[PDB]
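J.: Got a structure for you, questions after.
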Amino acid sequence: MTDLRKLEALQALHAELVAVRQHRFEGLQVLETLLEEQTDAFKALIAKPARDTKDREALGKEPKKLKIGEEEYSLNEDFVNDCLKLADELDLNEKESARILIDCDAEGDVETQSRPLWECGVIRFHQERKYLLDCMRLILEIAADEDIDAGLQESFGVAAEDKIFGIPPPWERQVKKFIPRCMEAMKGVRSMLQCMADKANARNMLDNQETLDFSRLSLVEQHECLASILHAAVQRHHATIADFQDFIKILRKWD
Amino acid sequence: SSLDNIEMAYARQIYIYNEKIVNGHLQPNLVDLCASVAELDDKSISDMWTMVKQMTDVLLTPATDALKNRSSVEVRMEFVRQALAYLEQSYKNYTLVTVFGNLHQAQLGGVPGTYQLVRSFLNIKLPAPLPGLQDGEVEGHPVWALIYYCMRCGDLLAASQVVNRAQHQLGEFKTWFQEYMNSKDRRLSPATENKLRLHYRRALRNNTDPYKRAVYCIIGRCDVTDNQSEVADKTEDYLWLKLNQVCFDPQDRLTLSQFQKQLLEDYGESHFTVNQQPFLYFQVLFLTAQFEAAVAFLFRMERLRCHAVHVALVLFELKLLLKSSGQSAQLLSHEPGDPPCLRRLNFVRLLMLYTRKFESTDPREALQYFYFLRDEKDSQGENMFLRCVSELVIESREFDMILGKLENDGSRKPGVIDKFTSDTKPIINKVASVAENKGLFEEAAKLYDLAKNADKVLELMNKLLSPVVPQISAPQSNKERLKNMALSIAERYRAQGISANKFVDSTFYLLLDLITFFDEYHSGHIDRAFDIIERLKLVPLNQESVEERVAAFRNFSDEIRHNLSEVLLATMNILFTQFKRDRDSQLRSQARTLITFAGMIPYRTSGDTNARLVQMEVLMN
């Protein structure tokens with residue numbers, strides 16, 4: 001299709017990167033078109049809006065009609081309950097959490113997996129971070145491939161400098177560097193995984209066991225992807241002594 | 001929506017502050033407008049704005065340069081006092097919650113006098129007597145403990161009362177302290193200041209009473225290296241301990257410049273963020289007048305971006321923020337021709353980052369933040385606010401919302417930018433200009449038409465029509481969708497008496513007539529279509545007009561000469577049909593005329609056309 005949502009956009013983009021990596025350049029013109037539509041996605045690696053009270057009190061006060069962007073939806077007593085549940089488990093904003101659940105109703109994945117609607121929101125949320133971060137590794141990996149055309153090898157290189165590292169190209173040009181965002185990004189994965197075991201162990205001490213396992217797998221994969229991206233960025237001599245000292249301190253504080 | 005609960009509330013407050021300046025009203029207190037949302041969050045944020053207000057609530061020189069206010073020893077001195085007053089009051093609240101479990105609990109019973117509070121504070125924090133205290137006690141507590149924590153809370157009077165009940169024990173300290181309380185700026189006279197310092201240094205450099213040590217060099221601003229770690233164990237106790245020791249114009253002396261630089265240079269973020277508590281470092285920088293450092297620092301915490309941008313705005317609407325002239329610099333930097341102890345914030349970049357997050361699906365709020373850039377330009381001269389609105393429209397493609405939709409009835413419902421400036425002619429051309437450069441003519445026309453720039457509207461409308469002139473106008477086709485907009489532009493351009501130069505304009509109304517000529521020709525209304533082409537006097541029908549019509553073709557727009565081929569054939573096929581239905585001589589004569597015209601005109605597909613024209617004339621005979 002052409003009007004793909006965020007999830008379908010990242011899943012389709014991932015397939016294109018694999019083609020170029022597996023010596024298949026049949027999607028060059030289609031690849032460049034995706035990086036421009038997801039420019040805002042590559043800028044921020046992973047960032048969940050903090051849970052606000054304005055939407056919490058407003059969502060439950062008039063759970064009749066919801067307006068997200070240009071489209072409109074109708075909320076019922078059943079769907080509204082899934083929004084508060086998803087927002088609490090992941091500590092995500094009600095507006096952002098609702099959009100995730102709406103994407104499931106449209107695509108209709110509840111029947112493909114046969115799971116509660118509120119649980120699908122957790123999987124859909126983790127899938128975004130997976131492809132959003134995993135696709136970045138392919139860009140840098142292809143940009144360093146020596147067994148491809150020199151021209152194509154340089155296209156993905158300059159693109160990653162601006163899309164991932166937020167560094168504009170040489171033909172042009174308050175903002176925060178990439179490393180400090182990556183360090184804080186990985187930090188959120190650790191705090192989210194730690195609070196997950198504490199809460200999960202409390203209730204465990206069900207039909208969601210496999211979902212929790214898949215979420216842990218996605219989290220560890222995202223952490224590995226972030227580590228690889230950090231390594232690649234450091235390989236371009238884009239670090240300093242402060243980051244080294246911070247990493248040494250984090251290692252010294254390893255438990 | 002890309003804005004979290006906290007960020008959204010701030011946006012609304014910034015809309016008010018803009019609505020006030022857009023309607024010329026009183027410039028309200030921005031710091032108050034931001035603290036209004038802070039109370040909706042945990043007190044971690046409220047206590048920040050409390051510090052922001054008290055650190056910025058200094059008598060300034062309105063209409064004065066930013067760099068000048070921040071370099072003046074006059075202002076630099078009041079900063080230290082405003083901070084000390086915050087560290088003292090802040091500590092006073094710590095002393096309340098230490099004695100009473102809740103601020104509310106203390107209030108219902110009544111806040112006791114700073115003296116009795118401190119006494120009820122010593123009970124807890126030292127239950128048993130330390131064997132190293134000196135000068136006895138006062139009403140059951142060591143006299144020096146009372147003096148210190150009273151001065152720490154900022155109530156010198158409460159401390160002096162303690163001194164009055166121990167006149168015999170404290171010796172000459174009474175006449176010295178009574179002078180400190182009297183003299184302003186928390187400084188003694190050089191003569192008396194010398195008398196006490198030498199006495200302390202003489203045989204009290206190492207005394208077993210730490211509180212005695214602390215008070216003496218807080219009064220004398222001595223032993224700056226000794227952090228009095230026995231009594232000042234917290235970070236705020238250190239800041240407060242030093243700001244009571246800074247001096248102004250060589251040994252055993254510390255100045256704000258040294259202290260402010262000494263802190264972050266030697267003990268940077270690393271030292272103050274090991275406990276993963278960000279505000280601790282922010283308070284260190286903000287309460288030392290290093291506002292740019294604290295702003296950039298706090299702006300990097302992805303959870304506290306909102307707060308750091310606004311504390312920058314406050315410093316910006318108070319002529320206190322030191323902006324970086326060059327826009328190519330990093331977020332934080334020290335100008336080459338400035339002293340090393342001050343730093344500069346690239347304010348333009350700061351807002352540009354914050355905006356990109358929610359500029360995609362929340363344009364209205366973005367503009368409210370772009371307004372603060374109204375006073376700045378770039379290397380090319382463009383007004384930064386205007387440029388930011390151009391880029392935001394090119395990307396978001398929100399024309400009706402931001403620029404005002406110009407309906408096909410002649411109305412211009414204003415857009416969101418109309419609030420900020422009434423001269424919206426340039427950007428509408430800027431946005432129309434790029435979309436024109438991207439072959440988006442149908443849009444560039446709507447945009448140029450929104451700014452009533454008929455020179456460009458009709459130009460582009462000429463290009464979109466010429467290809468479709470001979471085509472078949474069918475429901476929902478590209479002809480109908482373009483013809484119907486061209487006619488909606490013909491009426492609104494006649495009813496309002498608007499027109500471009502006659503070249504662009506003549507061609508535009510000429511194509512509209514031709515579009516009618518083929519719409520009648522394709523419908524079989526031969527008689528009606530023949531009459532139209534006759535009026536236009538574009539194709540000669542009597543031999544006498546050939547000379548003049550041929551000369552006219554030379555200077556007619558190529559958007560017309562292009563379609564000459566189809567016009568001659570349709571006109572011929574028109575005469576051709578009417579022949580099969582004196583009149584015969586008249587059609588025959590006109591048939592000839594078209595041929596000779598086409599023979600003398602070099603035009604598109606003259607080969608196939610001139611041949612077909614001749615064949616159709618032969619069948620007539």
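J.: Which trypsin sites (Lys or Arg not before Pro) in segment A:77-123 pass both tests, a DSSP loop state and at most 16 other beta-carbon atoms within 10 Å? Provide the component values of the computation, followed by the final result.
T.: Values: sites: A:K85, A:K95, A:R99; in loops: none.
Answer by residue number: there is no such site.
J.: Then there's this: Quote the relative contact order of segment A:1-110 in percent (integer), defining contacts as alpha-carbon pairs under 8 Å separated by 6+ residues. Write out the running numbers ahead of the final one.
T.: Details: 63 pairs, mean separation 23.0, N = 110.
That works out to 21 percent.
J.: Now, a different point. Sort B:177-183, B:201-207, B:518-524 for me by packing, meaning the mean count of neighbouring Cβ atoms within 10 Å per residue, highest on top.
T.: Values: B:177-183: 15.6, B:201-207: 11.3, B:518-524: 17.3.
So the peptides B:177-183, B:201-207, B:518-524, ranked by packing, come out B:518-524, B:177-183, B:201-207.
J.: A further question follows. Given B:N102, B:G113, B:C153, which one lies farthest toward the positive end of the charge dipole of segment B:100-208, if we put +1 on the Cβ of every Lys and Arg and -1 on the Cβ of every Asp and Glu?
T.: The Cα lying farthest towards the positive end belongs to B:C153.
J.: Can you list the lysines whose alpha carbon is less than 24 Å from that of B:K537, not counting same-chain residues fewer than 8 positions off?
T.: B:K463, B:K483, B:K502
J.: Let me know the charge dipole size of the protein assembly as shown about its Cα centre in debye, to the nearest 20, where only the beta-carbon of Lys, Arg (+1) and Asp, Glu (-1) is charged.
T.: 2680
J.: Per residue, how much space in cubic angstrom lies within the convex hull of the C-alpha atoms of segment B:41-85?
T.: Values: hull volume 3.8 nm³, N = 45.
Normalising the Cα hull of segment B:41-85 by residue number yields 83 Å³.
J.: Next up: State, to one decimal in nm, how far the label point of A:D213 lies from the label point of B:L108, with both points 7 Å from Cα in the Cβ direction.
T.: For the pair A:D213/B:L108, the computed spacing is 5.4 nm.
J.: Same structure again: Which distance in nm do the two modelled labels at B:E19 and B:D57 give, with both placed 7 Å along the Cα-to-Cβ direction?
T.: 2.7
J.: So, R0 is 51 Å and r is the distance between the beta-carbons of B:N573 and A:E70; what FRET efficiency does that work out to, to 0.05?
T.: On the way: r = 49 Å, r/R0 = 0.95.
For B:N573 and A:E70, the calculated efficiency is 0.55.
J.: So, with +1 on the Cβ of K and R and -1 on the Cβ of D and E, and no other charges, what is the size of the charge dipole of segment B:204-327 about its Cα centre, to the nearest 20 debye?
T.: Details: 13 positive and 15 negative charges, 57 e Å.
So the magnitude is around 280 debye.
J.: If you don't mind, there's one more thing I want to ask. To the nearest 0.05, what FRET efficiency results for B:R535 and B:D582 with a Förster distance of 30 Å applied to their C-beta separation? Kindly include the intermediate steps, with their values, before the conclusion.
T.: Working: r = 24 Å, r/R0 = 0.82.
E between B:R535 and B:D582, to the nearest 0.05, is 0.75.
J.: If you place +1 on the Cβ of every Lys and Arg, -1 on the Cβ of every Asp and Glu, and leave all else neutral, what size is the dipole of segment B:11-94 about its Cα centre, to the nearest 20 Debye? Numbers along the way, then the final one.
T.: Numbers: 9 positive and 11 negative charges, 37 e Å.
So the magnitude is around 180 debye.
J.: Further question on the same structure: In deg cm²/dmol, rounded to 500, what helix-only [θ] at 222 nm does the protein assembly as shown give when every DSSP H run of at least 4 residues adds -39500 (n - 2.57) and the total is split over its residues?
T.: Details: 45 runs with 563 residues, N = 876.
When only DSSP H runs of four or more count, the value is -20000 deg cm²/dmol.
J.: Over segment B:1-84, what relative contact order in percent results from Cα pairs under 8 Å that are six or more residues apart? Intermediate results must be reported in sequence, preceding the final value.
T.: On the way: 46 pairs, mean separation 17.2, N = 84.
The normalised contact order for segment B:1-84 reaches 21 percent.
J.: Expressed as a rounded percentage, what relative contact order does segment B:252-372 have, with Cα pairs under 8 Å and six or more residues apart?
T.: Numbers: 108 pairs, mean separation 21.9, N = 121.
About 18 percent, as a whole number.
J.: Send over the semi-axes of the protein assembly as shown's equivalent ellipsoid, whole angstrom and largest first, taken as the square roots of 5 times the C-alpha gyration tensor eigenvalues. Please report the intermediate quantities before stating the final value.
T.: Details: eigenvalues 1132, 216, 124 Å².
They are 75, 33, 25 Å, listed from largest to smallest.
J.: Separate question: If you filter segment B:409-508 for trypsin sites (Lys or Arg not before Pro), then keep DSSP loop positions with at most 15 other Cβ within 10 Å, what is left? Spell out each step's value before the answer.
T.: Numbers: sites: B:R412, B:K419, B:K430, B:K438, B:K446, B:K452, B:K456, B:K463, B:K479, B:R481, B:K483, B:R492, B:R494, B:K502; in loops: B:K438, B:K452.
The qualifying sites are B:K438, B:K452.
J.: Is the C-alpha gyration tensor of chain B telling us rounded, prolate or oblate? Criteria: a/c under 1.5 is rounded; beyond that, a/b larger than b/c is prolate, otherwise oblate. Numbers along the way, then the final one.
T.: Details: a/c = 5.18, a/b = 4.09, b/c = 1.27.
Cα axes put chain B in the prolate bin.
J.: Between B:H141 and residues 5 or more places away or on another chain, which pairs have amide H atoms under 5 Å apart, with H built 1.01 Å from N, and which residues are they?
T.: Close amide H contacts, sequence-distant or interchain: none at all.
J.: Taking beta carbons within 10 Å but only from partner chains, what does the mean come to for residues A:46-52?
T.: On the way: counts 1, 6, 1, 9, 7, 3, 9.
Counting other chains' Cβ atoms within 10 Å and averaging over A:46-52 gives 5.
J.: Something else about it: Do any GluC sites (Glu not before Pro) in segment A:67-169 lie in a loop, going by DSSP, with at most 11 other beta-carbon atoms within 10 Å of their beta carbon, and if so which? Intermediate results must be reported in sequence, preceding the final value.
T.: On the way: sites: A:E70, A:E71, A:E72, A:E77, A:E89, A:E94, A:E96, A:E107, A:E111, A:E119, A:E128, A:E141, A:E146, A:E154, A:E161; in loops: A:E70, A:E146.
Within segment A:67-169, the qualifying GluC sites (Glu not before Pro) (loop, at most 11 other Cβ atoms within 10 Å) are A:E70, A:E146.
J.: In segment B:223-320, if the dipole is taken from +1 on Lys/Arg beta carbons and -1 on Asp/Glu beta carbons about the Cα centre, which of B:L285, B:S229, B:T255 is farthest to the positive end?
T.: Result: B:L285, furthest along the dipole toward the positive end.
J.: Average partner chain C-beta neighbours within 10 Å, per residue of B:296-303?
T.: Numbers: counts 2, 0, 0, 3, 6, 3, 11, 4.
That average works out to 4.
J.: Using a Cα-Cα cut-off of under 19 Å, which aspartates and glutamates could be cross-linked to B:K323, ignoring same-chain neighbours fewer than 8 residues away?
T.: Filter leaves B:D65, B:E292, B:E335, B:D338, B:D375, B:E376, B:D378, B:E382.
J.: How would you rank A:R173, B:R152, going from fewest to most other Cβ atoms within 10 Å of each one's own Cβ? Display every interim value, and only then the final one.
T.: Numbers: A:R173 9, B:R152 26.
Listing A:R173, B:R152 from fewest to most nearby Cβ atoms yields A:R173, B:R152.
J.: Here is a further query. Which whole number gives the average count of other chain Cβ atoms within 10 Å of the Cβ atoms across peptide B:1-10?
T.: Details: counts 9, 7, 5, 11, 12, 6, 3, 6, 3, 0.
Going residue by residue through B:1-10 and averaging, the value is 6.
J.: Which distance in nm do the two modelled labels at A:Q127 and A:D145 give, with both placed 7 Å along the Cα-to-Cβ direction?
T.: About 2.5 nm, to one decimal.
J.: Among rounded, prolate and oblate, which fits segment B:323-430 when a ≥ b ≥ c are the square roots of the eigenvalues of its C-alpha gyration tensor, a/c under 1.5 means rounded, and a/b larger than b/c means prolate?
T.: Numbers: a/c = 3.33, a/b = 2.39, b/c = 1.39.
Prolate.
J.: Can you sort B:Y17, B:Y281 by how many other beta carbons sit within 10 Å, fewest first?
T.: Numbers: B:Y17 21, B:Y281 24.
Lowest to highest Cβ neighbour count: B:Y17, B:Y281.
J.: Considering the dipole of segment B:102-216 built from charges on the beta carbon (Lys and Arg +1, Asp and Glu -1) around the Cα centre, which of B:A128, B:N182, B:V143 is farthest to its positive end?
T.: With unit charges placed on the Cβ atoms, the residue in question is B:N182.
J.: Would you order A:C225, B:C341, A:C83, A:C135 from fewest to most other beta-carbon atoms within 10 Å of each residue's own beta-carbon? Write out the running numbers ahead of the final one.
T.: On the way: A:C225 21, B:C341 15, A:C83 28, A:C135 24.
Fewest-to-most ranking of A:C225, B:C341, A:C83, A:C135: B:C341, A:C225, A:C135, A:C83.
J.: On to the next question. Full-extension gain between B:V274 and B:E398, please, as 0.36 nm times their residue separation minus the C-alpha to C-alpha distance.
T.: Between B:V274 and B:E398, full extension yields an extra 40.1 nm.
J.: Next question, about the same structure. Taking 30 Å as the cut-off for C-alpha to C-alpha distance, list the pairs among A:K67/B:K425; A:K187/B:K43; A:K95/A:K253; A:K48/A:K199; A:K65/A:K85 that go past it.
T.: On the way: A:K67/B:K425 33 Å; A:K187/B:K43 24 Å; A:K95/A:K253 37 Å; A:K48/A:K199 19 Å; A:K65/A:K85 19 Å.
Check vs 30 Å cut-off fails for A:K67/B:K425; A:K95/A:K253.
Rule-based calculations on the coordinates, nothing more; no lab input. When we count neighbours, we look across all protein chains shown, and the Cβ atoms used for this are built from the backbone with ideal geometry, even at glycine.
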